[PDB]
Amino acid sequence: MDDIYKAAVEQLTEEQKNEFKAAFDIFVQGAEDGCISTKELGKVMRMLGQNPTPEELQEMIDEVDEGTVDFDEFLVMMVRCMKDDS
């Protein structure tokens, strides 16, 4: 895994990582596919209680993308968004 991504992922509990993977898995044909689309990214995040805005999703795709989001990118984006709660 990318070392910076570890900055983010180390913030997650094991319970969180498992919950987040189960949510991500809803949005892929797991037998064939490892990424969700950029529209689905907002959906999985919202499934986990986050509410990213449309500008934010594009920014996150610009900054964290290594169109498509794999599981570790998704985790980093979750961590980012988790930190904008008020």
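Residue positions are given as counts along the sequence shown, with the first one as 1.
Unmodelled residues of the deposited sequence between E66 and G67: 1 to 3. For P54, the recorded CA B-factor ranks within the highest third of the chain. Only modelled residues enter the ranking.
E10 sits in the highest third of its chain by CA B factor, as recorded in the PDB entry. For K39, the recorded CA temperature factor ranks within the highest third of the chain's modelled residues.
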